[PDB]
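So this one's two forms of a single chain, laid out as structure tokens and tagged structure 1 and structure 2.
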Structure 1
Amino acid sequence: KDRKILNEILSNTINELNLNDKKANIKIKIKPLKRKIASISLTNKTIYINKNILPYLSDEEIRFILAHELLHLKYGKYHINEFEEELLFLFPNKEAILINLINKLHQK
């Protein structure tokens, strides 16, 4: 079957969120995943949808899954591993936001 409908979801969701030139050039690819629905690969600059889940997802479900992944991509940052001497990309979460807040209160 065709994945023409999938590249259209990706593109109009990329535009909606207003992704910067670097994060905006991301392709979509159907591949079997061991333990997730979707997965972002920053080295490949692609998002993978689980080959086995996609045939059962509704249009609304796919649109939500993708917009949710890409939102976390949009507000993610790069950090230095130091020990591994490697660049590491970290996605945001409420625990990270709240721990940092309290941490900053304790520097005072």
Structure 2
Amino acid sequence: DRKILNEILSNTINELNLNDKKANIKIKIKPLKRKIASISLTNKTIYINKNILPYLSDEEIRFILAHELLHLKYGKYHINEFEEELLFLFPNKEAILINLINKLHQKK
């Protein structure tokens, strides 16, 4: 599972053309109080919520990693370029997000 996490991370870095400029991105699994995922752009570290991680599907992990890595590419000034890239990879992004929240809400 941890090997698949780093494999998706490595594939996502290549598809987003980020291998040029950084690629030294790490994934840290820790409990987060109010977020599913976060990223430290200075430490180049993606933090995934330990309490949510067991319940995530392959599509959801891929969506979450692409969303966080895109903060290394485009910021608030290029929000249109950010959403364009995110939508081209995941045009069903709203249904992914809706199904994730529903699943986490029902699952005990």
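Every residue number counts along structure 1's sequence, beginning with 1. For the two forms, the rigid core is made up of the largest set of C-alpha atoms that agree within 1.5 Å on superposition.
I80: with the rigid core matched between structure 1 and structure 2, does its Cα shift 2 Å or more? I80 C-alpha, core-superposed: shift of 2 Å or more.
Did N52 shift 2 Å or more between structure 1 and structure 2, C-alpha, core superposed: It does not, since the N52 C-alpha is displaced less than 2 Å between structure 1 and structure 2 after the core fit.
Does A67 count as moved between structure 1 and structure 2, where moved means a C-alpha shift of 2 angstroms or more after fitting the rigid core? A67 C-alpha, core-superposed: shift of less than 2 Å.
After superposing on the rigid core, what is the C-alpha displacement of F91 between structure 1 and structure 2, in Å? In the core superposition between structure 1 and structure 2, the C-alpha of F91 moves 19.1 Å.
If I align on the rigid core, how far apart are the two C-alpha positions of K23 between structure 1 and structure 2? Answer in Å. Rounded to one decimal, the shift is 3.6 Å.
Following alignment on the rigid core, what Cα displacement (Å) is computed for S41 between structure 1 and structure 2? It moves 1.4 Å at the C-alpha.
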